[PDB]
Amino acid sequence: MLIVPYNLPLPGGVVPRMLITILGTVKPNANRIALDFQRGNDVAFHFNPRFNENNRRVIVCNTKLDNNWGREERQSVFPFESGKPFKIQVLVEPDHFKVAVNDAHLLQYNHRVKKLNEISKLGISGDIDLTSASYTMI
């Protein structure tokens, strides 16, 4: 298994048609998972499944600019399960990140950070066994 937290460099940042694939298994008693697409210290796209926020499961997405979190976007559709293998795919589109989990569309997150070619790191962290993290063009 890969080390968590894991850094995946994104050389020259992201661009529309870039597909990022994360394979792993959720730990049995999970609390949270995070993907952080970073531009230096800023987080262009934070994707944060929470398994127990007020006894509900929710996806929180946000952006961090100058060390400050912005307005959260919430998705109540929650395809993860403690103990189970998952595939997260993040497809960069012109106006948004598109996320599919286990080959089913989950959400989109509109670009707040404009300089896509400076979003040069993906951090992966939280309650997972991480199998692989990769990217390709489509």
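Numbering starts at 1 and follows the sequence shown.
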>> When the Cα temperature factors in the entry are averaged, is it 49 to 57 or 93 to 101 that ends up higher?
In response: 49 to 57
> Hey, which bit's got the bigger mean C-alpha B factor in the entry, 23 to 31 or 102 to 110?
Replying inline: 23 to 31
> Among the modelled residues of its chain, does the C-alpha B-factor of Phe37 lie in the lowest, middle or highest third?
Replying inline: lowest
> By its CA B factor, does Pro85 count among the lowest, middle or highest third of the modelled residues in the chain?
Replying inline: lowest
> Relative to the other modelled residues in the chain, which third contains the C-alpha temperature factor of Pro9: lowest, middle or highest?
Replying inline: middle
